[PDB]
């Protein structure tokens, strides 16, 4: 149980980017595992914390998508040992609450702020922190904090995985891939031979397409305002591609015409007012289904008639997966080549170059950027 000194990325406040600092990562207490981050990625959620218009706590060690090894475990911990390949996640499964036992949801009672899940799991189970830098205790982020060479997480926020897993790719299963993928399969519940529509072709949206294909969809329409996204969209299974920017008609009307009624399943992995409205509009009447995955705005307005006429609306949380039991399976699949994560990794960079990773992200020049140490 020795204290560890390593580099991590600290956000001391909004507006101000992340700083590479030297922090002290305390050892894991009971029911906790101290992880060694091998590969982490910057996700849209990470960058929001620094946005003033968005709620967040500081100072904080951001990041939540990664994969690694077990550095050391805490007391009573027997499910983990030094060397085990593990993947942490923001979606807990403590297996000690009513929600964990329910087959109707993948939510867990460990959670507490159901209005701002982004500022939850800001501290360990004992309301304490394991991060210290220059005499100050730093907040954890969404129960993961992957932007540090070493981090400590609740046994409820990680799963051991295949020993032969390539941490440089399997890490996406920590958030990006799992949400898009699971959103199509568990939340939207895409059915064989169906027609789907996916707005937003980032990591989530692409995994949603991968998800639609795996579920057996016969048609998959990918929509983005960034044409540069299309090539890879098709690579993963898209049958059609639309750019609102190049259409003299609201993209939803185009989709409705191209399908003679609209699509059976809609998945919004963008989250804008425009996309949210379209995601619903483009669905057929009677059984049309829209599933919210991404959300850049807090509210969505829905016509009372649309709903009276068959269209339903739901949303996903971590792809609807029961984290601790599913993550390991998703890994086995990638291994068995059920799908290919590599197409999702467009860049790789030294951890210290995390800000440039953020810049490529914002610039929309990438899907996911693997950060190594």
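Numbering follows the first chain given and starts at 1.
- When the two stretches 23-31 and 334-342 are set side by side, the higher mean Cα temperature factor goes to 23-31.
- Taking the mean C-alpha B-factor of each stretch as recorded, 281-289 and 74-82 are not equal, and the higher mean is that of 74-82.
- Take 169, 213, 234, 136 and read off each C-alpha B-factor from the entry; 136 has the highest.
- Within the selection 347, 64, 53, 322, the deposited Cα B-factor values reach their highest point at 53.
- The entry lists a Cα temperature factor for residue 367 that places it in the lowest third of the chain's modelled residues.
- For residue 189, the recorded CA B-factor ranks within the lowest third of the chain. Only modelled residues enter the ranking.
- The entry lists a Cα temperature factor for residue 147 that places it in the middle third of the chain's modelled residues.
- The deposited CA B-factor of residue 89 belongs to the lowest third of values across its chain.
- When the CA B factors of the chain's modelled residues are split into thirds, the value for residue 268 lands in the lowest one.
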